[PDB]
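One chain follows as structure tokens, the form deposited in one PDB entry.
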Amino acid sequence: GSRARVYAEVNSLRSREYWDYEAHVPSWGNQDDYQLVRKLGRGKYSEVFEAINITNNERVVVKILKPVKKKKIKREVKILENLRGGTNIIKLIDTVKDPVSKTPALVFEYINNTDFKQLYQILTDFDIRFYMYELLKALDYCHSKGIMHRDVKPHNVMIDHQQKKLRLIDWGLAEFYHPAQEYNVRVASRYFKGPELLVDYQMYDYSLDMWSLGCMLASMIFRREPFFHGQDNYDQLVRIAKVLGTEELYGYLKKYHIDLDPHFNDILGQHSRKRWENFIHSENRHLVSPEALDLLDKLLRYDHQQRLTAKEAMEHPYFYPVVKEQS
């Protein structure tokens, strides 16, 4: 067994209606308030468009929910409604349905984001601190509301670098945390999957998102995106073990009594834990500080229970320059 160290009982202390998303009855707006303008590049199955809100002349984003089973539509809508107003959480404006096909669509605020592949190569030390701090605010918020995002990755963190705005998007994999519940491990992008997912440990919690955030921090400070670049899910764990070492991996499995897929016996090998300083080189030196490495070391831990919480991370000295300027 395992339990979240914080926010464990949030859903137990709310009404059944809060987390019982299968019972949620979405409230459909007028699809005719919105006029599609262009399809956005969001992924192989996505149908996401920029659109005009004809009622206020506002630019919006429309996400047509097609590939999904109905229970997951309710889950995403209910989660976005529960997080409405939250800090750095993408704002849901409306939920509409085609009258004829019945295909639902979610309408979101438009963020003028800079593609992460171009943005990450121009970030400075202070920019990374700032945007990581802003992302932590979103994660602390959703975790405090009893929700795990489960798909934190660069593509899901929209940054408008001119207005210094950040939004955590794509809540389609997010779920409510309940103590002792077993969750589907087929979540997250391969490169951002926590070790718990890779070894099929289902009793995970909000700390999954803190692994993913650590992966993003490492990628930014070391100019190595993604940080752990595996070729499949098995190799992904190897890539992690080549950095974190195998002894702590086997220690984690032993502690939680984790059933290890036997094909890992052949590929994991024996690896020492590498010191984080060893990933500094001439083209990332201006981004790396002892405070950054101290934080990263407390996020990228096998043992999900020993990772910092979002709030603990926000209190780390790495973020002092940001907190001071927010005063």
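Residue numbers here begin at 1 and follow the sequence given. Rigid core: the largest C-alpha set superposing within 1.5 Å between the two forms.
- Looking at mean Cα B-factors across 281-289 and 264-272, the upper value is held by 264-272.
- Of the two segments, 298-306 and 52-60, the one listed with the higher mean B-factor is 52-60 (C-alpha atoms only).
- Ranked within its chain, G146 lands in the lowest third, by CA B factor from the PDB record.
- In the PDB entry, a CA B factor belonging to the lowest third of its chain's modelled residues is recorded for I128.
- In this PDB entry, the Cα temperature factor of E196 sits in the bottom third of its chain's modelled residues, the lowest group.
- For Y120, the recorded CA B-factor ranks within the highest third of the chain. Only modelled residues enter the ranking.
- Split the chain's modelled residues into thirds by C-alpha temperature factor. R190 is in the lowest one.
One more form of this protein should be noted, the form deposited in another entry, which is absent from this view; the next part is about it.
- Looking at CA displacements between this form and the one not shown with the core superposed, a shift of 2 Å or more is confined, among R42, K298, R273, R59, to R42.
- Relative to the superposed rigid core, the position of the CA of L119 differs between this form and the one not shown by 2 Å or more.
- Relative to this form, the distance between the C-alpha atoms of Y45 and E22 is reduced by at least 3 angstroms in the other entry.
- Whereas the shown form places them at one spacing, the Cα atoms of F228 and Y120 lie at least 3 Å farther apart in the other entry.
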